[PDB]
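Here you get one chain, nothing else, as structure tokens; it is the form deposited in one PDB entry.
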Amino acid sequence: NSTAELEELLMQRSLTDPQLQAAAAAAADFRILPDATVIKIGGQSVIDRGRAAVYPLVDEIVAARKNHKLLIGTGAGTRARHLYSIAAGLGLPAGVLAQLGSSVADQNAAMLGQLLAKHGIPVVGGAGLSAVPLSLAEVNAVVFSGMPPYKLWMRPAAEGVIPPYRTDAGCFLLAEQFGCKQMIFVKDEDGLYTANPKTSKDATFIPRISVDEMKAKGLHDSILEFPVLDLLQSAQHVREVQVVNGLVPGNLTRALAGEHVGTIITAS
């Protein structure tokens, strides 16, 4: 039995053994929440902007949950960057900064959660297996905070103390682990451009691109946390992501309906 030989390797070898690794790779693949979509609501790009950005997006979430299962994660934003600057100036390590940034994404989940409470949509911990709300047509959505749980065990970047895995990575890994069908990043620009559209006056819009092409074009750290692009190339379930402008009325609704608004980034 390949099942038998896998268990022999699992008992007799180190988990570093390539033969064991290869046998585990042949295991079946169960998707835990295959019909859900994970959405990240940007901290700096959306929630920090207040009612003019958040209220229309609340309306879209309420309308969209009628036909789409939603896992809605929150970014952190300007208060996290303030905390990072204080802590970095004290010489504190990335693992300590990681814990501080989590509190800010938590704040944002709380505020969004209180606007959605009367619509039945709760705030849950990380929330993959918040199985009851995502199975009820009256609810069909949850809100969670987007920071990964690594905290003091955050792996640092090659340089600096800014945690490299933030809300983009936290939301993406949730979609990947639960085998969700779709991952949508909600930011404040129409999508990926050839340069930062805020600081370059003739950047060109990019509707569709691969991770390798992004790296080759020199924009590995552009609209998404650059570790997300590497996680995307390793993913088993979520092999592409879409980035859309949450400041455009109805943009999230149209993305959920399958319209190619924004930029689609593919693993290959």
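Here, rigid core means the biggest group of C-alpha atoms that superpose within 1.5 Å across both forms. Only residues modelled in both forms are compared. Throughout, we count residues from 1 along the sequence that is shown.
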- Residue stretch of maximal mean CA temperature factor, 129-137 vs 115-123: 129-137
- As the entry reports it, the stretch among 195-203 and 236-244 with higher mean C-alpha B factor is 195-203
- Query: Based on the entry's values, in what third of the chain does the Cα temperature factor of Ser102 lie: lowest, middle or highest?
  - Reply: middle
- Item | Position of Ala157 among the chain's modelled residues by C-alpha B-factor, lowest, middle or highest third | highest
- Which third, lowest, middle or highest, does the CA B-factor of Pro148 fall in along this chain? middle
- Query: Going by what the PDB entry lists, where does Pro56 fall on CA B-factor within its chain: lowest, middle or highest third?
  - Reply: middle
- Message: Please say which third, lowest, middle or highest, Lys215 falls into when its CA temperature factor is compared across its chain.
- Response: highest
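There is another form of this protein, the form deposited in another entry, and it is not shown here; the text below is about that form.
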- Query: Which one of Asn196, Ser103, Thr78, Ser135 is the only residue whose C-alpha moves by 2 Å or more between the shown form and the other one, after superposing on the core?
  - Reply: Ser135
- Message: Taking 2 Å as the cut-off, check whether the CA of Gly126 shifts that much or more between the shown form and the other one after a rigid core fit.
- Response: yes
- Do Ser135 and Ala76 move together or apart in the other form, judged by C-alpha distance changing 3 Å or more? closer
- Item | Cα-Cα shift for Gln99 and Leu129, closer or farther in the other form, minimum 3 Å | closer
- Once the rigid core is overlaid, which residue runs, three or more long, move by 2 Å or more at each CA between the shown form and the other one? 126-138
